[PDB]
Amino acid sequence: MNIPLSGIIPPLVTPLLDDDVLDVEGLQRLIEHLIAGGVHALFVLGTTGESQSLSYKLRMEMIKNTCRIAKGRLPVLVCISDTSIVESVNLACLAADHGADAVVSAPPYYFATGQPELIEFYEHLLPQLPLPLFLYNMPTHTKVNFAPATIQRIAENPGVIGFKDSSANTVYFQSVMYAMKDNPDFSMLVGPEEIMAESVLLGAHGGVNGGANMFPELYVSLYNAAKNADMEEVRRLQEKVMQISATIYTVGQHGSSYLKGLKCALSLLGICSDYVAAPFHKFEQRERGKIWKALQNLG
């Protein structure tokens, strides 16, 4: 792993044949498509990867297979978030055993607590982990953000090397950048792709952007444009990312519109299965048709 991890780091979907069956052939296709597209690392079992909805055995298979297929060509980050900390540590050990480079952890959804309790949780977790850690802020779930100073503090431990934000809240994100400005080796990553460009312009290291599963070259181009402040390219490419956001992710009449749209598009592009794990369901033909048309209108 490069210090600081930078660039586009797609959160892989977990392609499925069935609720409890990994689509290994499509995983292979996806990973080659990403690598050939110039992405900088692979991120497995994120939200985009349906981690929580999958069985334990299937999560282990996604890790093992991703590590096998990638064959050291790129760093692999494994999201170890789990309601059970024991199970979280076990995923971390699996990851180390199969050659992953780092783990990624958000506190459990039910862990609505104060900051001192967040700090103590991580202080007790870190000794148990065999790989460097990225902290994962996904606020909806806890109703509690890592406070900037809390990130400062946990980032003292040399086993903590970065931070991924999936708040779309950029006031919060800039507050953490400011708090971390004297530790420039600490990787500051942004989840939502719609704000990757503007965040990178202001010094964010990279984007953990789900749309890069589809069009890795687009997101890598936009990242580089933003990095070098080529403003005409930033504007032209941002409009494409935004068209995708408005057209590929908004078809659901039943929830998880982003995940269903992404997975449908991946199947339409011939990359991997669009099977979505229960209790959710893949797009049927009407919605799928809309995703087809949206895809043709991007070009």
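Note that residue numbering begins at 1 and tracks the sequence as displayed.
Residue stretch of maximal mean CA temperature factor, 106-114 vs 164-172: So the stretch with the higher mean C-alpha B-factor is 106-114.
Mean C-alpha B-factor comparison - 128-136 and 141-149, higher one: For C-alpha atoms only, the mean B-factor is higher in 141-149.
From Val89, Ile195, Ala229, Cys79, residue of greatest CA B-factor: It is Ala229.
Record-listed C-alpha B factor of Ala278: chain third: As the PDB entry reports it, the C-alpha B-factor of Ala278 lands in the highest third of its chain.
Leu17 CA temperature factor, ranked by third within the chain: Highest third, going by the recorded CA B-factors of the chain.
Record-listed C-alpha B factor of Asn209: chain third: For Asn209, the deposited C-alpha B-factor lands in the lowest third.
Entry-reported Cα temperature factor of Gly191, expressed as the chain third it lands in: As the PDB entry reports it, the C-alpha B-factor of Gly191 lands in the lowest third of its chain.
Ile85 - Cα temperature factor, lowest/middle/highest third of chain: CA B-factor rank for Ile85: lowest third.
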